[PDB]
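K.L.:
There's a structure below that I have some questions on.
Rule-based calculations on the coordinates, nothing more; no lab input. Cβ placement follows ideal geometry from the backbone for every residue including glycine, while neighbour counts extend to all protein chains displayed.
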Amino acid sequence: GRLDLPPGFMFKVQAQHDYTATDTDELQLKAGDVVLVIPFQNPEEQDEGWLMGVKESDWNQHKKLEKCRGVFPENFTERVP
């Protein structure tokens, strides 16, 4: 996939449910998905219980992550050590 990693990135997470998100910049998660926790552009754009993360596949497009950026409920996902 990508050659470089996203700056500010935190870690990889694993969804535990299928949350269909349909927005202009939402993050669709599927029960058993892989998403990376990254620092959004601002916390004022983040919701309560939802953070800015990108899917594993999207990572491959890290080249244009700026267009892969999305949001997802952390309480609906799990942290991957």
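K.L.:
Using modelled amide H (1.01 Å from N, peptide plane; none on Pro or chain starts), what sits under 5 Å from the amide H of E78, excluding residues fewer than 5 places away?
P.N.:
The answer is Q14, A15, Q16.
K.L.:
Additional query: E78 to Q41: extension gain in nm, 0.36 nm per residue of separation minus the Cα-Cα distance?
P.N.:
On the way: separation 37, 0.36 × 37 = 13.32 nm, distance 2.23 nm.
So the chain would gain 11.1 nm between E78 and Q41.
K.L.:
Another question, then. After finding the eigenvalues of the alpha carbon gyration tensor for the chain, what semi-axes result from the square roots of 5 times each, listed largest first in whole Å?
P.N.:
Computed over the chain, the values are 17, 15, 12 Å.
K.L.:
Along the Cα→Cβ direction, 7 angstrom out, place labels at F9 and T24. What is the inter-label distance in nm?
P.N.:
Each label point is offset 7 Å from its Cα along the Cβ direction, giving 2.8 nm.
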